[PDB]
Every structure is written in structure tokens, then in C-alpha cells.
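*Asks:* After the C-alpha cells below, expect a handful of questions from me.
A quick note on method: Cβ atoms are made from the backbone with ideal geometry, for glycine too, and the neighbour counts reach across all protein chains shown. No lab work stands behind these numbers, since they all come straight from the coordinates.
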Amino acid sequence: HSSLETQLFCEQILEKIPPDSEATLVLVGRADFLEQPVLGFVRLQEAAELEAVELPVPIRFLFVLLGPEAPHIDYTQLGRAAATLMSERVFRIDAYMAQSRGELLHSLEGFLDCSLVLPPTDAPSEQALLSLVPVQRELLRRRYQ
Amino acid sequence: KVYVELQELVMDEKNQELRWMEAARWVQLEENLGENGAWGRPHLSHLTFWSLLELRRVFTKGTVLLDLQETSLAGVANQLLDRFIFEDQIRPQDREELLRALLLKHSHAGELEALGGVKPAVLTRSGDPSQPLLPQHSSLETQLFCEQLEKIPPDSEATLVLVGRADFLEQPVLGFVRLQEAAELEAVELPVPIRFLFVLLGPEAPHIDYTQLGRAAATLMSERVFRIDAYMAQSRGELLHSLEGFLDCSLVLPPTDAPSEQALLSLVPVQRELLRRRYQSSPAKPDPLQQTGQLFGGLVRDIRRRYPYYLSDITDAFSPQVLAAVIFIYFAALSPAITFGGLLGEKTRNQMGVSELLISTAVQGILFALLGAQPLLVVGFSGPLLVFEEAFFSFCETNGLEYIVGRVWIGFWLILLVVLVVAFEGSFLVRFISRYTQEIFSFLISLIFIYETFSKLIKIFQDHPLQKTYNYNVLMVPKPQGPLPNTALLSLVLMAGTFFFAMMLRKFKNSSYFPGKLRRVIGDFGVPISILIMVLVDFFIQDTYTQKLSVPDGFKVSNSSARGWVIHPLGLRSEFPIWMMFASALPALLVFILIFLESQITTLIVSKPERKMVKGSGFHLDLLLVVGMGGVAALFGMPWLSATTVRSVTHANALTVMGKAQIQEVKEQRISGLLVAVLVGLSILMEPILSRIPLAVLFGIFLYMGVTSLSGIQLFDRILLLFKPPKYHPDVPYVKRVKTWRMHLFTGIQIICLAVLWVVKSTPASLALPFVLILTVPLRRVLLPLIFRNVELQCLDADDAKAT
Amino acid sequence: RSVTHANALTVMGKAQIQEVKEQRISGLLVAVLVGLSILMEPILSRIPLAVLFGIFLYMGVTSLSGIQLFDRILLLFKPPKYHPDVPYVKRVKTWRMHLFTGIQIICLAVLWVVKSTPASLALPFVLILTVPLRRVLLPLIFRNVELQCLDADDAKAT
Amino acid sequence: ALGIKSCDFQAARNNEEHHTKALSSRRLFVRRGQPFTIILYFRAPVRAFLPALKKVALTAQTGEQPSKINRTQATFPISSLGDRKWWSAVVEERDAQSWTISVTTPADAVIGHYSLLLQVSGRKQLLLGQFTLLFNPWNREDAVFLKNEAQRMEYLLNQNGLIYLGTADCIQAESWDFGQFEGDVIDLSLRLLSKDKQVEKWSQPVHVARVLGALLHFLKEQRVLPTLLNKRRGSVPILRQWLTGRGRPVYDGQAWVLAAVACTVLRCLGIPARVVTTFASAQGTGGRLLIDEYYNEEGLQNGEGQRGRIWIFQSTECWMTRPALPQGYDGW
Ligand SMILES: CCCCCCCC(=O)OC[C@H](COP(=O)(O)O[C@@H]1[C@H](O)[C@H](O)[C@@H](OP(=O)(O)O)[C@H](OP(=O)(O)O)[C@H]1O)OC(=O)CCCCCCC
Ligand SMILES: CC(C)CCC[C@@H](C)[C@H]1CC[C@H]2[C@@H]3CC=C4C[C@@H](O)CC[C@]4(C)[C@H]3CC[C@]12C
Ligand SMILES: CC(C)CCC[C@@H](C)[C@H]1CC[C@H]2[C@@H]3CC=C4C[C@@H](O)CC[C@]4(C)[C@H]3CC[C@]12C
Ligand SMILES: CC(C)CCC[C@@H](C)[C@H]1CC[C@H]2[C@@H]3CC=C4C[C@@H](O)CC[C@]4(C)[C@H]3CC[C@]12C
Ligand SMILES: *[C@@H]1O[C@H](CO)[C@@H](O)[C@H](O)[C@H]1NC(C)=O
């Protein structure tokens, strides 16, 4: 399955990174000799620059997603979801303050609580789509409450 | 296309009795019922992640009763409970309680006010309802849309979604029923047969909101692909496959810190692609300057744009700011009219003078306020019109022709020219005049106004120079024939005081002093207050002489010997030549070009989108009215007018309401211009009031208008930035995206154009100014792209001040 | 004159006072030029008094920048929400501050009346009498924290 | 024309040279009396080196109220004539846009968190970064100087210690993780030291050691509860529970961990420390050289014991000079 993001945005940056920032690496791979998909979350004690990232930004968080070929599991989309979760500020603060997997799970549950699902419709209209703005604002207020 | 209704098992407050009350309905758009008895505004159905996850979880092991031969709610409930017991969804001991709950009274919005309201309810093991144990969560849809049947197709069927909470259930259970024949049940209070039934029952569990579960089920049923699949469903597997396909094309929007509408509109083609994936398998398919090309199309478009707002154009004037603007524009139009009438009477041997110009201004202003599309424009005489009148008078004197009859024929040709232009929609060419030419013209006109204001004071100083000795016996009637002491210095003092008071009151309008209402009242009346203060100051100085306003004694022609009120087109004293009647077209062409450029550029300036004009402007109607009124007034021996830039800009700024810096709204109404025209016409009848108003106060007012007309011009801003360090430049698109030296070169090119226009003004061939002004448009459209990039030109020259 | 001299030697930072050009050369040169004013009669004979009056008005309007009494007099004509973030506003009620400013205005009016009388040489005594007022009567009607916020030697929040 | 773009403290190299590499590779931990190297980056190229060098001065501040009389604030220029014994800065390598500056600290400097500030003439003070200054057992002029490198490693750098328990005739060595180079140990130790208000005496190892010992004994008295309860994971969790109050408390059966905690704090601050166990220790005598033991007719003790008892085992030893004492009392 070709990526929607590639087909849409790729068929046609380091300066905006803050100097006092840290990097997050998300690794996704497929291994047929694994029973079930496995998630690996690592927060380093001190942020360090690894050879994996070719940028002068230290790495603090590491995401590792490995598993076999299974239906309804796109590991590219899984890595995109993990990166979107990490890019969110509330989950980032919770992960910085995380002391166990329970806090990360609670942060993920709160992230999914304020997630907004748009079902497919026959006639897409921009007015009905702009009716979604205050719902998204309310979900944002719930996320940052 | 079906109607979907969602009902939730709730309890009333007046009797504490549990029953079914509708919560939301789907007519392909979702409407919610709040706690006031009235439905909320329609909106698209939006679902939470947990609602869809739980819907999939309960649908995977759900109970389906397809092509069920039942026509009553009791039969459907009995069959559903029997299949629940057969599939081990519920225990046999729960069947009686569930049958009691499903057969309760189904109330609607009509009887909500008849009761004491509705409260969330949970079915208990016994016959008495209990309260929920989990914390209550108010619905987002209710809080958002509820705090404020004809479209149903006749050949449609209904879907009922029932959600309830029962603490005596092990796990949530989904019940899907498709009737063999659609039937009308007592649960739905509408004459639409029910084909599908959704039943969602279960205990209180985390991440399970049964209202959101019912909303998700109703949204799933309202979708056309799932509806077709459910109609064609023969087992739970097909429904599960349809649900999986529905979730495949579902789009999840994660929370973000900064919500931007551009990044949200980047989602449109993703949603289109998901829609194409959804309908790839289903049998169904997814569901003022313009040239119209019609004769007099622009006039009708302007009429239909503006005349519906005629009622608002009277009610919007009920504010003291409108009265203050009336007082401002009365002087700001009367004083230039008096000066131009006096100059024209001196230059044309009083053939046209102050009285005729005032009467023409009053009549044209009244008609333009009553019938125009942009009443904020001020109609009055202008300097180029005076130059053309002097040139035409000189030509007629050289050729021995009656000049007033020549003006009559010029107006007759002007009427034909404007009718031809409006008929072919000739005002659509104004769209080629970008911000470049508009700002250059506005800056040049403001500079001319300030220069004339200072030159009048210089002339006053020259007439009464500072000398050691003066002759105390100098005749005063009609004007002083010799220098007088303390005249020029007092005029300078009065002008400086007027300007200082106007600027201080304008700052006080935006200041943080006094209560806000009184502060705005004082700031709006700042110009009348300054004028009154300076007039009173000059009034108590009896000994010193200052020049005052002069108006004619009555409504009469300036020179009775030359002409009367009606001028014969065939000639007054001598027979008018035949050749001049046809030769008057070229002077009429020049007059039409001048009036067209002035009025259209003024309308462009006053109707910019950044000025918050939310009523619309009509170029064709205003041009037609102005030129027609000029042609009609030419017959009566009255000067033709035009929409002057300074007066109209000042009128728009006086009616502009400033928000908490940022323009909020503009008091667009027809009362202000009508009252200004009426007061101009009645200026003769109020001679004692106007006779005590010095010209120095009016000069200070003119200076204030000139310095305030430069606020909205980006050319003035870049001229100011020419004397600033690059780090002090404001965060604007034409600075952060364009190099400083490129912007300075652009400003220098504009300054060169301004200098060329100023040189053209200071020559006897000053009537060629409109042509040189027009020549800037080929410059902008040709030479600037040769030396500037497209992005640079879009940033520097933007119609609505946007970053490309 | 001394306040104007201090302000003319004051260097303003990027609003905020940065440093003051404290030196003995300025006063010495001013005194020397005053002494030599007789010898430069042609230069001084062409200087009108109206320019000096405008300079005096500028000095008078610029001498009020550093006085908190002038700031509170200005705040008397402002809504409470427009008051700046200062210790004597965020910690003291608006009407208490207005009463304090009114007491100071009454003292100013008394001093002005004393000036406009033949017994104008008693002005230093009436000026001194404000110190017993501040040290006795103000604590009787204002709290210690209110007096510390309103009357602070280094503009500190108590 | 002399703007500052950034300032690289080079935490990794300096921490490896200052024997604080186990602390962090991101934060700058340096020891007094030893030079550390920083790199200063300019926004624009520097035209003339000497005038720009004359235009720049450096200021180091520590504490909430820095001052020169307290020796908590020092302003020094960037030149080769600076006192390398005292605060000084010299440019060792320079480019058009970067200066490699070697900064020295006095051997008797006040410890704690420092702020490094750069002043340009006719410009506001600019903060370059933060660093923590510690005692230097490697510096000969320092009061905590150790002659042997092996002794330095064992008594400061070794986080794997051994606490000896049991009896005199059967000594049971217990593995102990001091963890003085854990990330939060230095901050906790400095925050505990901040309770003392004599910041000018923080340059003296004797005063710091005495204050830390008194405060840690007070914390042991306040936090240790009367009687897995005896499962220990080192001195770091004990210090965290004593300071913050969150974690597994230590009970009276393991009250001997005070010596290990004190050794951890002293080693983290740069004072060489070791844990010493004395078997058959007479405690609670108040200097008296007599111990009274009471037994019944069955050779058993009826009561819980006297005030003065001979403990089965019982201390922290720190290495420093004693300037305030008569000569010859330097050492442990
Ligand atoms: C002669 C006047 C009356 C004398 C009687 C003296 C008695 C007297 O004048 O008090 C009444 C009133 C107090 O009422 P209050 O402070 O609530 O009035 C606020 C004031 O009008 C602000 O200007 C408003 O903000 P903005 O402008 O819209 O942004 C604000 O509205 P909002 O935005 O917050 O919702 C108003 O609430 O006075 C004043 O306004 C304070 C300045 C008094 C200055 C001294 C009076 C000149
Ligand atoms: C542009 C508008 C005014 C129409 C064009 C003007 C021309 C075509 C028309 C309009 C009115 C006409 C005039 C009307 C009346 C007379 C009187 C008659 O004994 C001789 C011809 C004469 C003098 C006409 C000449 C042509 C004329 C001037
Ligand atoms: C002529 C009077 C009115 C104004 C003079 C100011 C103009 C000419 C000056 C002031 C600031 C100057 C700019 C400052 C900095 C740079 C960056 C350099 O790499 C190229 C030149 C450039 C882009 C300069 C061009 C000229 C400039 C725009
Ligand atoms: C006398 C002239 C110069 C200025 C008039 C402004 C003064 C008297 C007004 C303006 C704002 C007013 C205050 C506004 C709000 C309140 C809160 C109320 O619960 C008690 C009164 C109190 C505290 C008012 C006291 C009087 C007040 C300070
Ligand atoms: C009126 O016109 C006549 C010529 O017809 C002229 O002589 C006279 O001066 C004019 N009146 C005035 C006031 O100029």
C-alpha cells in the first residue's frame, strides 16, 4: 500500500528547530519471526547525539516498533502515529515526567480522548467541515485542562 | 435517504420515572436536543475514538436480526431478547427487566417542557431507576450547538437507535434489526416507517459513553455505503465488512497546540481520497468589478447589492459619531466649495460662482445620498475642475463663444458618454488599478492638500506682513486694502491651536483616560470641539481682524447680466455655432476621464477590504449618478462635481469604529451625506453663524485631515521605513519576505513617480495628470516584473495585504 | 535646575535608566559661562525671552516624570483596569490610593495658599509639618503594608 | 559589531578532564583550580582581535546574592596577563567567528552553581551558560588534595563501595552503591547545603563537611522510623527519601546507612570520603571510659539496655587539610 502522504505531498527546515531542543527517533521494522508486535519506549537519562540521526540535535526519546506482517497493522502508519503522539506537547511533558508505563498509558488515553474522528461522507462541503472548528477547540481545551 | 433518530434511556425530575427521550436526529446532518426543549443547529456528525472502538467491539460479537417479520416494537423487543438469550448476550433473568425497559414510553421534544426535564438514568436490578456511579460528562454537541421534517424524502424509511445503561449486565451488547417490511412504530413520533433498529445496552464502564456510542451508530447508519450494505446484508459478516470499510476511510484529527485554518484546509484532498476509497466499491456515487456581458448588468448588480441594505442605511445612523461626522464633513465640504466658487467667479467674470456651486453641491449630494451605492463618498468641486474651467473660459473668450452654453453642450455629451460606458460596463477596467496607483494618487493628493493649506497661510502672511509701523486708517469693505497688525500671527496661532487640539483629542480617543463611553463620545466630537474652542477664542478678540467665511446674501445667480437660472442651449446673447456643438465632445471626454479616474480611485480607496467594508460598493451606479448629475447641473449653469479623495476619506475615517489599533466596523449610512448636503444648501440661510468662523480654524482642520489621510497608505509607511534601521521594521509580509534594499528601490520608484506627477501639476499642462497617472499601470504590469520577482510584487503590491 | 541637570546627564537604556554621567566638568563649565556671560553680550543680546520661556515649560513638564504623585494624579482619571502593574496598585485598593492622592492634593493646595500670602516665608515650616502627618496620622487611617507600598524609598513591594 | 551567537561550554571534554564525566556529558561540572575550555561564537566576523579583546569582560556569579566581599562574584577580563591562580580567561585559539577561551578558577573558590556572564563595553550583560564548581582532589593547592591517583579514584570516583557489617571475628562485606555521580545527587547535596547561610565559608571543606554532617544527622533522626523493610538499593534512594520524603524509608535496624549517605554527599561535592566500620564500639558514654552491663541469674539481660552500650558495629572519614588546627593534623 503506497503511502497517502507520499502520494499527496511528495509528488511536487533545520533553522526552525530550537537550539535548546532534543530529538526523538522512531524506528519501525517488519520481522516475520516475531509472534506479536512489540513496542519499545526509551527515555535516556541524558540526551545524547547518536549516529542514527544525522543532525546536531541530541536524542532523548527512542521509539522501536517491530513485528510480523498482520492485517490492519501498517508499521509506517504506526510510526507516524507514535511520532504524532510524541510531537504533541502534553504527551511530551508527560513522557518527560513519566516514572512508569502507567503514566504513559494515562497520557495516551487522554490523547485518544481528545482525538477527533472524521467519518467518510458522500458530499464533502467546506461549510460542514468548518462546523468542526469549535468541537476541535473544545477537545483542545480538554487536552490542556 | 433515511432519517435516523437517537433515543437515550433517561428519567424525568417531576416524577422520577424512567422513559425514552430523543437526544439527536439525523437528516444527513446532525441536530441535538438541549435541556431547553429546542433542537440545536444542524452540523456534521463527528465521533470520538472511544465511541467507534466500542462500536466495533460490540458489533463484532453483536446480535443481528435481518429480514425480521415484525411490525410492532413489542415483537421486535421480544425477538431481540430471545436472540440475546440464545447467543448468551444476556442472562435469562435479565429478560424481564430489559423487556420492561424497551417497552417504556418514548417521549419526544414536544413533551419535554410538559415534564420537569430529563436526567441521566441507569436501569437497576429492580423496577426502580438508580443514578450513574461514574462521573457525569456533559455532551460536547449539546454545549456547543444547543446553547443558542420537510427535507425528509417521502419515499424514505427511519432508523431508531436506542441506548441505555443497565448495571446488571456483564458486558455491553449490540442489537441490530432489519425488518422485512418497514413499519411505523409508536417509538417514533413521525409518519416515516422504521426499517432499522439499533439497541445498545450495557453497564457503566470506562471509555464507554453510550450517548457517543449511539451517535457513532447513527453516523454509521446515516452513511450511504453502510446503509446500502445493511439493506443488502444477509449475515453479520457483511455488516462487519462494511464497518471495517467505514473505519478504513475514517479520518482521525489529533490535538495540536496551534490550530491554524491553513493546516486544517490541507486536510481537504486527504478527505477526498478517503471518500474515493469509500465509494470505489459501493454501487452509489459520491454526491463587483467582473464583466457580466449583459447590457447594464453592472448597474443592476450594484442595485441588487446595495438597495437591500437601504433600511439599515437609516437605522445605522443612530449614534453620536454620525452627527460628529456630519459636523466635520459640513465644514470640510463647505470651505473648499466657498473657496472654489470665489476663485471661479473671479476667473470666469462671475458666470459661475459661490451660490451656483453651493446649490449644485447640495443637490448632487442629496441625490447621491438618496440613490448612490457608496454614500460615504463626498461630492464636491476639485482643483483640476477649476483648471479645466479656466482653460475652457480662456478658449471661449479667444474664440468669442458663450462659455456657459459650451458647458451645457459639454454636459449633454457627458450624459451620452456615461450612458454608453455604463451600457457596455466600462467600469470593469478599474480592476486593473492595483494598490500601486491608488496609493500613489492618495499620497500625491494628500501632499497637494497639505501644500495648499500651508500656501494659504503663506499668502495670508504676505497680505499682512510683519512691519514696524502700520496705517491705522485702512478701509475694510469689502477686504482690507492694506496690511493690518496682529493678523497673520493670530491666524498662525489659531491654525496651530486647531491642529494641536484636533491631534490631542484624536490621541485621547485612543488613550486610557476617562470612562470608555465618555472617552469615545469626546473623541468622536474632537473636531467639532476644537472648532468651537478656537472660534470662541477668536470671538473674544474683538480688536484683531481675522478673515471669516463669506457666503452670498441669498439664492441668486452670481452675475444676472451673464445668465439666469436656465441657460438656453441655442444661445443667450448670440446664436450658438453649429460646429461647437459637435466639437464639445473632446472637452467632455477630458471631463469624463477626470471625473471617472477621481471617483473610481476614491471608491477603491474607501472600499478596501482592510477597511472592514461589509456592505459593498457600486462603481457603475455611482459613476452614472455623478456624471448624470453633472450633465443636468450643466444645463442650469452649475458646475459639475466629482468624488473628492480627501473629503471622502475623511468621511470614511470619521465613521470608522476602532476596536481594542484594529478596525472593527464602519458606520455605513445614507443619513450623513444627506445631512451634509442639506447643511451646505442651507449655509446661505445661516450666514450669521458662518460669519464668525475664521479661516485659520478651517486651515488647521485641513491640516488635520491631510495628516490623518496618510494612515492607511503603505507607501507612507515605506517612506517612513526609509529612515529606520532594518531591525525596527514591523512584522509585515513585504519586509520579512523581501530584502530591505529591494523594498527601498520599490519605494524610490514610487517616489520618482510622485515627483513626476508633482512636476506635471506645476505646469500649465496640468490637465494631462490623469494620463500620467494611468501610465503607472503599464509600469506596474510590465517594467516591475522585469526587475522584481512575482513573490516580491505580490508582497509589496497586495490588494488585501496578504503574504502571497 | 538640578533635576534638569540630572535628567540631561541621564542615559536611557533599551524606558529604563541605565547610567548617569556624573562628572564635575559640567557644573564648572556652567559656572564659567555664567561668569563670562557679561563678556559675550553680543551673543546673548540676540536671544529672545520667549525661547527661554519655552525651554522653562519643557523643563517643567519633564521634571514630573520621576514623581509617583503625578502618576497617581493621572491614575485618578483612569479606569482601574488600566492601572500599571505597580506595588501600590496590585496590593492597595483603588479608593485607598485615591484617598492618599487626595490627601497629598490637599497638602499641595495648602502649600499653594501659603505661597500666595505675604507670610510666604513660613512655607518651609508647613512643608516640615507634612512629616508628622506621614508619621502619625497616616498610620491611623492606613495599614503598614499600604503605607509601605504607597510610600517606598526605593519603590519596593514592602 | 561584536554580537554573541552562542557559547559552547564543551561539557564532555571538560568533564572528562575534570574527572566529572560520570556526572553528565551535557552539563558542565568543573573542579576549582583547574582550567576549563569554552568556545564563544560571534554572529558577525571579528575584524580586529585586540580591540574586541579589550572590549569584553567575564563575570562569574554564584548564590542568590552574589558579591565580591563574599567571593561569590568575580569580574575578570579575557587576556593573557590574567592571574591563572585566580579567576582568569585567555584566548588559546581564535577564528574570524569563534574564540577558544580557557577559563581558570581559584583553588579556594566557593562551590555551588555558577552563572557565567559576558560584558561588552556599552552593552548589557549577557548570560553564556551555567556550570557547577566542585572541590578538586587533583589540584595540589586545594585543601582536599590527594597524593595518589589510585586513592583519588577509590575515594571520589568509585561508586561501587563496600560497607562491612557483622562482628569483629566474622566480617560480612555488603555491596553498596554510593551513586555520588547520579544526576540528581549533586543538586540535592547543594540544595541541602543551601540551608547554611554562611556561603562565604563554602570554599572551606571543613565547614561544608561539618554542615553536611549535622544536616544529614538531623535528617536521619527525623526520617528513620522504628521497626522488605531491610532491602537497600544504595545511598541515593535513602537521600531522596530523607530530603523529598517520597520513597521507601529506612528503619532503625539499618541506621548505620547515615555514614554511607554522608560519604556519598561528600564524594559528590568533591570531598574524598570513605565509610569506616568499628566493631565493638562503646556508644552513649559521653567520654566515660566505663561500660556497665547487667545480667540476671541466667546470664541474660532483662531490659532493653543501658544508655551506654557496646555496639556490635558502628562512621564517615573525610580527607582534607586543617588550617584552623595546629600543624600536623592534615589527612583523614
Ligand atoms: C465625570 C465622570 C463621572 C464622575 C463621577 C465619578 C464616579 C465614576 O466615574 O465612577 C464610575 C466609573 C467606574 O466604573 P468602571 O470602572 O467599571 O467603568 C469601566 C470604564 O468605563 C472602562 O473604560 C471600560 O473599559 P473600556 O473603555 O470599554 O475598554 C470598562 O468596561 P469593560 O471593557 O471592562 O467591560 C468599564 O467597566 O468610572 C470609571 O469608568 C473609572 C474612571 C473614572 C475616572 C474619573 C472620572 C473622570
Ligand atoms: C450628444 C447629444 C447632445 C446629441 C448629439 C448632438 C447632435 C446630433 C444634435 C442634438 C441637437 C441638435 C440640434 C437641435 C436643434 C437644431 C435647430 C435647427 O434649426 C438646426 C439644427 C439644430 C441646431 C440641431 C443640430 C444637431 C444637434 C446639435
Ligand atoms: C537614501 C536614504 C533616504 C536612505 C538610505 C538607506 C538605504 C539606502 C540603506 C540603509 C540600510 C542599507 C542596507 C543595510 C544592509 C545591507 C546588507 C548588505 O549585505 C547589502 C546591502 C544592504 C541591503 C544595505 C542596502 C542599502 C540600505 C537599504
Ligand atoms: C474625584 C475624581 C477626580 C475621580 C473620581 C474617581 C473615583 C472617586 C472612583 C472611580 C473608580 C471608583 C471605584 C470603582 C469600584 C469600586 C468597588 C466598590 O465595591 C467600592 C467602591 C470602588 C472602590 C470605587 C470607589 C470610587 C472610585 C475610586
Ligand atoms: C458680469 O458680466 C459682465 C459682462 O457681461 C461683466 O462686465 C461684469 O463685470 C460681470 N460681473 C461681475 C461681478 O464680475
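*Asks:* Compute the distance in nm between two label points, each set 7 Å from the Cα along the Cα-to-Cβ direction, one at D:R307 and one at B:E31.
*Replies:* Between D:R307 and B:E31, the simple spin-label model gives 9.0 nm.
*Asks:* Cβ neighbours within 10 Å, averaged per peptide: list B:689-695, B:280-286 in order, most packed at the top. Mind dumping the intermediate values first?
*Replies:* Values: B:689-695: 17.0, B:280-286: 12.1.
Averaged packing, sorted descending, gives the order B:689-695, B:280-286.
*Asks:* When Cβ neighbours within 10 Å are restricted to other protein chains, what is their mean count per residue of peptide A:131-143?
*Replies:* Other-chain Cβ atoms within 10 Å of each residue's Cβ, averaged: 5.
*Asks:* Pull out the extension gain between B:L572 and B:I593, defined as 0.36 nm times the separation in residues minus the alpha carbon to alpha carbon distance; nm, one decimal.
*Replies:* Fully extending the segment from B:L572 to B:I593 adds 4.7 nm.
*Asks:* What is the fewest-to-most order of B:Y545, B:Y307, D:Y155 by other Cβ atoms lying within 10 Å of their Cβ? It would help to have the intermediate numbers written out before the result.
*Replies:* Numbers: B:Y545 18, B:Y307 14, D:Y155 24.
Ascending number of Cβ neighbours within 10 Å: B:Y307, B:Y545, D:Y155.
*Asks:* What is segment B:475-619's relative contact order, in percent, from Cα pairs under 8 angstrom and six or more apart in sequence?
*Replies:* Answer for segment B:475-619 is 18 percent.
*Asks:* I would also like to ask the following. Of B:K507, D:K231, how do they rank once you tally other Cβ atoms within 10 Å and put the fewest first?
*Replies:* D:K231, B:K507
*Asks:* Further question on the same structure: So how far, in whole Å, is the C-alpha centre of segment B:448-511 from the one of segment B:329-404?
*Replies:* 26
*Asks:* Take every residue in peptide B:244-257, count the Cβ atoms of other chains within 10 Å of its Cβ, and give the average of those counts.
*Replies:* Shielding by partners across B:244-257 averages 6.
*Asks:* Could you sort the peptides B:600-610, C:20-30 by per-residue average Cβ neighbour count (10 Å cutoff), highest mean leading?
*Replies:* Those peptides, ordered most packed to least, come out B:600-610, C:20-30.
*Asks:* Hey, another quick one. Mind checking B:263-271 for the average number of partner chain beta-carbons within 10 Å of each residue's beta-carbon? Can you show the working numbers first?
*Replies:* Values: counts 0, 5, 3, 2, 2, 3, 4, 5, 5.
Whole-number average of other-chain Cβ neighbours for B:263-271 is 3.
*Asks:* What translational D, rounded to a whole number of µm²/s, comes out for the protein assembly as shown from Stokes-Einstein when the hydrodynamic radius is the Kirkwood one over Cα pairs, at 20 °C and 1.002 mPa s?
*Replies:* This corresponds to a translational diffusion coefficient of 50 µm²/s.
*Asks:* So if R0 is 22 Å, what FRET efficiency would A:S100 and A:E46 give, r being the distance between their Cβ atoms, rounded to the nearest 0.05?
*Replies:* Taking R0 as 22 Å, the efficiency between A:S100 and A:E46 is 0.65.
*Asks:* Output the peptides C:47-53, B:427-433 sorted from most to least packed, where packing is the average of other Cβ atoms within 10 Å over each peptide's residues.
*Replies:* Result, highest mean Cβ count within 10 Å first: B:427-433, C:47-53.
*Asks:* Now for a separate question. Run the simple label-point estimate for B:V772 and B:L518 please: 7 Å along Cα→C-beta, distance reported in nm.
*Replies:* 5.3
*Asks:* In what order do B:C146, D:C170 fall by count of nearby beta-carbon atoms within 10 Å, going from fewest to most?
*Replies:* With the sparsest Cβ surroundings first, the list reads D:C170, B:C146.
*Asks:* Then there is this: Once phi is turned into ³J(HN,Hα) by the Karplus curve 6.51 cos²θ - 1.76 cosθ + 1.60 with θ = phi - 60°, what whole-Hz value does each residue of segment C:99-111 show in order, with x for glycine and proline?
*Replies:* 5, 4, 5, x, 4, 5, 5, 4, 4, 4, 5, 4, 5
*Asks:* When a/c reaches 1.5 or more, the comparison of a/b and b/c decides; with that in mind, is segment D:97-250 rounded, prolate or oblate per its Cα gyration tensor?
*Replies:* prolate
*Asks:* Relative contact order for segment B:430-536: what is it in percent, counting Cα pairs under 8 Å that are at least 6 residues apart?
*Replies:* Values: 52 pairs, mean separation 20.1, N = 107.
It comes to 19 percent, rounded to a whole number.
*Asks:* I need the shape label for segment D:249-332. Rule: rounded when a/c is under 1.5, else prolate if a/b > b/c, else oblate, with a, b, c from the alpha carbon gyration tensor.
*Replies:* oblate
*Asks:* With labels modelled as points extended 7 Å from the Cα through the Cβ direction, what inter-label distance (nm, one decimal) is found for B:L420 paired with B:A182?
*Replies:* Calculated label separation equals 6.5 nm.
*Asks:* Which trypsin sites (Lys or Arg not before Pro) in segment B:64-110 pass both tests, a DSSP loop state and at most 12 other beta-carbon atoms within 10 Å?
*Replies:* Within segment B:64-110, the qualifying trypsin sites (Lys or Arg not before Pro) (loop, at most 12 other Cβ atoms within 10 Å) are B:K105.
*Asks:* Using DSSP to call loops (not H, G, I, E or B), can you name the trypsin sites (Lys or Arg not before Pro) in segment D:132-226 whose Cβ has at most 11 other Cβ atoms within 10 angstrom?
*Replies:* D:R140, D:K147, D:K195, D:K197
*Asks:* Greater than 22 Å separation of Cα atoms is the criterion. Which listed pairs, B:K517/B:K615; D:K21/D:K201; C:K78/C:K115; B:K727/D:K124; B:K509/C:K78; B:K612/B:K660, meet it?
*Replies:* Beyond 22 Å between Cα atoms: B:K517/B:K615; D:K21/D:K201; C:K78/C:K115.
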